[PDB]
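Read the structure below first, then the notes.
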Amino acid sequence: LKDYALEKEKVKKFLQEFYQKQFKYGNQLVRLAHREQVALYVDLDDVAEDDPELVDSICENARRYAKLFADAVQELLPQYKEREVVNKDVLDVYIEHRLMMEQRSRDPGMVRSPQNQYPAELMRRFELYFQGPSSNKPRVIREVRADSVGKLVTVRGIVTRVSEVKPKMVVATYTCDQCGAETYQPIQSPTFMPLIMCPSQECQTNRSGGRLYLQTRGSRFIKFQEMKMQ
Amino acid sequence: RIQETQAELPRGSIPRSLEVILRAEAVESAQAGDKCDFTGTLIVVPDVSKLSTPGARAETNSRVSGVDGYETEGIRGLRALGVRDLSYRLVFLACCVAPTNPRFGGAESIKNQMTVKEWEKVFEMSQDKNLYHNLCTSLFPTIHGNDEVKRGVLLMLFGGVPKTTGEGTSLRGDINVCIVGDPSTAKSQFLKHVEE
Ligand SMILES: Nc1ncnc2c1ncn2[C@@H]1O[C@H](COP(=O)(O)OP(=O)(O)O)[C@@H](O)[C@H]1O
Ligand SMILES: [Mg+2]
Ligand SMILES: [Zn+2]
């Protein structure tokens, strides 16, 4: 029970202010902004070098802080961005086009509903992960039990099996047959049900169907693998 | 259920098989093992749950939406719109069925079925003497020698008369033949001749 906005400002402080003097995370942020790097690896030893109690909070509550770190770095990218990305990937072209059209029709003073927004993971194009603290002792798969749920464990074992990289949905995208507005459905469950009707303002106002169709093209996927360690 | 004739196979291909529906009066005419020509439509019979991937689906074109608390989403939504996959499968609809290699253009019944030309042909065949060696030669023009095998296999094709006792013992009528010999002595060749 801590003020997550306060902790968000603190993780911003750590990301901006850390050095070793070369600003490790600053340079990684520049590389992120240029899209020369698709995943960032935070080092909890580096976190604890200044704020060990922050590392304590992360370890006792990891996934929350995965989300908070991701959001903070998303917010911090434009500060370090120097030059326009070269639009390497079709996904990057999609995010650039969506940013273009939302800035076009923004009406900057105007206020919009929370759901009339781009899902926060749809625009990232960077992953954030943790490298566990050396202070933590590597556990054993029998010992890791219910009291470790939601916590950042460190474990060692032999990888006995792994599936091949399959694409996994993270934000399904849909298009109406009426209003010409994309729709987005985030994903948290292993499975999901796909939408049918359109929640776009124009479709609801005109009281037309707007039976949106799922698009594999404008959606986001992430590489997905599963391994059985022991 | 019918499958591709052995002549029409492509290279490395399993014989495809498709299901043929036989409506009234053309119904018991086909039988298992025959070589039948079929004539009729190619229709499509609806299939459902043939694939684990979503495919083509029908739905009404009415522009209804869903009120709050009854919103046309999920299972309620699909039932309301009447969504249904359209997965089909070819199923031939045989209008008629004939043998692909008919025996006749149609003992007394078969004799009536005989045309005049074939009847006189088999008549002079029966009246022929040396029909023994003639049948040997006709069955096995390729073979040389092996006259005993020729004779035995011919008699096998004609067969004996099955009989049965008053008590109920089924006296055999068929006559089984065995060819045993050194390798490459036309044994499998004789069997192939009988097959073909
Ligand atoms: N007496 C024969 N007359 C004609 N062909 C023969 C004779 N003996 C052997 N052959 C030839 O030998 C080949 C193989 O004989 P086959 O019966 O297949 O051997 P196996 O009995 O081991 O299967 C045949 O294709 C056939 O042409
Ligand atoms: Mg053989
Ligand atoms: Zn719409």
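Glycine gets a Cβ as well: all are built from the backbone with ideal geometry, and neighbour counts include every protein chain shown. FYI, it's all coordinate maths here, none of it is from the lab.
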Number of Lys-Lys pairs in the stretch B:76-196 under 18 Å by Cα, sequence gap 8 or more or different chains?
5
As a test, work out the antiparallel percent of DSSP beta bridges whose residues both lie in chain A, rounded to the nearest 5.
75
Rounded to the nearest 500, what is the protein assembly as shown's calculated 222 nm mean residue ellipticity when only DSSP H runs of at least 4 contribute -39500 (n - 2.57) each, over all residues?
-9500 deg cm²/dmol
Whole-Å distance linking the alpha carbon centroid of the stretch A:8-86 with that of the stretch B:42-98 is 50
Can you sort B:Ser126, A:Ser135 by how many other beta carbons sit within 10 Å, fewest first?
B:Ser126, A:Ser135
Dipole magnitude (debye, nearest 20) for the protein assembly as shown, charges at Cβ of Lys, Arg, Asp, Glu
340
If the limit is 26 Å between Cα atoms, which of A:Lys21/A:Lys151; A:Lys13/A:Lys67; A:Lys88/A:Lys166 go over it?
A:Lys21/A:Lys151
Ascending count of other beta-carbon atoms within 10 Å, so fewest first, for A:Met123, A:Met169, A:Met101
A:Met101, A:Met123, A:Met169
Which distance in Å, rounded to a whole number, links the C-alpha centroids of the stretch B:143-170 and the stretch A:134-162?
79
For peptide B:60-72, how many partner chain Cβ atoms fall within 10 Å of a residue's Cβ, on average?
3
For a paramagnetic label modelled at 7 Å from the Cα of B:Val48 toward its Cβ, which residues of the stretch B:85-99 fall within the zone defined by backbone nitrogen distances under 15 Å?
B:85-89
Mind giving me the FRET efficiency for A:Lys151 and B:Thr39? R0 is 60 Å, r the Cβ-Cβ distance, nearest 0.05 is fine.
0.25
Name the long-range amide H neighbours of A:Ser219: under 5 Å, sequence gap of 5 or more, or other chain; modelled H, no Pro or chain starts.
A:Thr173
Between the DSSP loop rule and a limit of at most 16 other Cβ atoms within 10 Å, which trypsin sites (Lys or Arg not before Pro) in the stretch B:43-98 are left?
B:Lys50, B:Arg63
Here, B:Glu120 and B:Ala58, labelled 7 Å along Cα→Cβ, have an inter-label distance in nm of 6.2
Sort B:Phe123, B:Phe158, B:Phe140 so the one with the fewest other Cβ atoms within 10 Å of its own Cβ comes first.
B:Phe158, B:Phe123, B:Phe140
Per the charge dipole of the protein assembly as shown (beta-carbon charges, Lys/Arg positive, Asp/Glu negative, Cα centre), the residue among A:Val149, B:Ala7, B:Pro99 reaching farthest to the positive end is A:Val149
Selection from A:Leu77, A:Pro119, A:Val55 lying farthest towards where the dipole of the stretch A:1-158 points positive, charges on Cβ
A:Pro119
In this structure, the FRET efficiency calculated for B:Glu196 and B:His144 from their beta-carbon separation, with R0 = 25 Å, to the nearest 0.05, is 0.85
Between A:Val140 and A:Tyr19, what's the calculated FRET efficiency when r is the beta-carbon distance and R0 is 25 Å? Round to 0.05.
0.10
Each residue of the stretch A:54-66 in order: what ³J(HN,Hα) in whole Hz does its phi give by Karplus 6.51 cos²θ - 1.76 cosθ + 1.60, θ = phi - 60°, with x for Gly and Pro?
4, 4, 4, 5, 4, 5, 6, 8, 8, 4, 3, 6, 4
